[PDB]
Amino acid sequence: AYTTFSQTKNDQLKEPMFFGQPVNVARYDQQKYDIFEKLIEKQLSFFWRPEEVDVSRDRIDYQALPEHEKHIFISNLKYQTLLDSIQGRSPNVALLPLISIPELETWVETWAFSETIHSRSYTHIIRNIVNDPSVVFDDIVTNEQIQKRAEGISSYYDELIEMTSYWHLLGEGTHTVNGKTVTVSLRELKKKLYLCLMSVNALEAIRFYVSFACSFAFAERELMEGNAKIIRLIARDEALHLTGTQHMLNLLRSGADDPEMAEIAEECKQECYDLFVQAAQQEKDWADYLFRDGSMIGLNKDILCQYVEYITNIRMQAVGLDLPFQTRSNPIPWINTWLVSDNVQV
């Protein structure tokens, strides 16, 4: 029952963010939540192109790197490329058919677009530092470690999309499909979305920031500085992305947008907590993989794991979850130099 132009003249100011009447007219003179209009504006203002940045010198640095330092950098690079390959397409595929307010619809499309730019920046870096890019891109699919992360992260999207399809096609209720029972529940679907949004928040607010640390650690050694220049632009975008999901999540659980979602958010509050913890642990285990053959100046498994806990605590409080780790100070204050923007707090 999805329509690319719903025929009812509805008041878009009184629609919920999700699961309401599909947006008909795209208008930007008014908003229910002006945060998404501001995010669109900021992201438009940030528009950049990867090939602005000269990454030539990074080839020399990379070749000069010890084998284990190559492993650190290229594993990091591949993980990012995996993540925003997913972030490139998934906000559009998973969220668009469910959005019911214009400013949120356009934010998601703008969001996903900015991710394709990130992916294009990744190709730019890879082409310049390795001799055979195909080897790198192929390993992204077949790497045992990377693959485990891709499966879990994509599943939150995939389950939302499939349940969405059933909901559009079948509507709410209990159904018969080829002799099997299919029960469609809006409440369940709302839960799938909330959990997915929680996962994506973790993806962009925690997982990527763990990766930023790895990149900026090289730049602290005055190595791979072209890459770092790009990561700075990427991080500035990422601060907007996570801000977006933070507002979606908080507006959903407050019950201001949809009173049913307030109850659903409480029901699965433990699940969201467990989700965020599992992600933190997975990034801790990733640190293990990165530094399995040795570490580098200013960054090792212990320091990175400290940062995981430090950033995880912050992000989880932002979305109303209990803190899973001891209250700690910033283990790598040098990262703040790189994570700065005059137009947004990165």
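Residue numbers here begin at 1 and follow the sequence given.
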Stretch exceeding the other in mean C-alpha B-factor - 96-104, 259-267: 259-267
Stretch with the higher entry mean CA B-factor, where the candidates are 36-44 and 273-281: 273-281
Residue with maximal Cα B-factor (values as given in the PDB entry) among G244, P91, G171, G226: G171
Residue with highest C-alpha B-factor in the PDB entry, from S114, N201, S155, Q80: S155
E144 - Cα temperature factor, lowest/middle/highest third of chain: highest
CA B-factor placement of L321, once the chain's modelled residues are sorted into thirds: highest
Where the record places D138 (Cα B-factor, split into thirds across the chain): middle
Modelled-residue ranking by C-alpha temperature factor, third containing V184: highest
Third of the chain, ranked by Cα B-factor, where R292 sits: highest
